[PDB]
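Asks: What follows is a protein structure lacking sequence information:
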Ligand code: NA
Ligand code: NA
């Protein structure tokens, strides 16, 4: 089955572009097979950007990716879990996780 692979080490342009020009203070990238994930933390919000150049991203994929970040990467204690926002477009899913701090 499909595992999330941290690919940050070979996305150093993108990591730095996002750190220097955005409110993000953490930027990481991951593969989920041929699906690409960008994960960030900034004051007041974490973000996941999930996209797939070839195909629509499937619902079970979304669920596996989301629950991986929630379990491993996101401090749920500061997240506003009733205020999650998920924007679904054609080949792009955007999940916002507001935070107290
Ligand atoms: Na920044
Ligand atoms: Na963020």
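Replies: That came in fine, so what should we check first? Numbering: from 1, shown residues only. Ligands and ions are numbered 1, 2, ... in the order given.

Asks: what about the strands in the protein?
Replies: Here the chain has its strands, by DSSP state E, at 4-6, 26-32, 35-42, 45-51, 85-89, 92-98.

Asks: I'd like these as TSV, with mean neighbour count and distance to ligand 1 appended.
Replies: To be clear about C-beta, it is placed using only N, CA and C from the backbone, and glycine gets the same treatment. Shown next, in TSV, are those (neighbours: other Cβ atoms under 10 Å; distance: least, Cβ to the ion, whole Å):
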stretch	mean neighbour count	distance to ligand 1
strand 4-6	14	20
strand 26-32	18	8
strand 35-42	20	7
strand 45-51	19	12
strand 85-89	11	21
strand 92-98	18	17
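
Asks: now those in JSON lines, with distance to residue 77?
Replies: As requested, the strands of the chain are exported to JSON lines (distance: least, Cβ to Cβ, whole Å):
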{"stretch": "strand 4-6", "distance to residue 77": "22"}
{"stretch": "strand 26-32", "distance to residue 77": "17"}
{"stretch": "strand 35-42", "distance to residue 77": "14"}
{"stretch": "strand 45-51", "distance to residue 77": "13"}
{"stretch": "strand 85-89", "distance to residue 77": "19"}
{"stretch": "strand 92-98", "distance to residue 77": "12"}
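
Asks: For residue 79, give the beta-bridge partners.
Replies: In this entry, residue 79 is beta-bridged to residue 99, by DSSP bridges.

Asks: In the protein, which helix is the longest?
Replies: Identified as the longest helix of the chain according to DSSP state H is helix 59-72.

Asks: Now do that helix: everything it contacts.
Replies: Here helix 59-72 makes contact (Cβ atoms under 8 Å, 6 or more residues apart in numbering) with 2, 4, 32, 35, 37, 39, 46, 48, 50, 76, 93, 95.

Asks: what does stretch 13-33 give?
Replies: With Cβ under 8 Å, 6+ apart as the test, stretch 13-33 has contacts from 2-8, 11, 36-43, 47, 50, 61, 64-65, 73.
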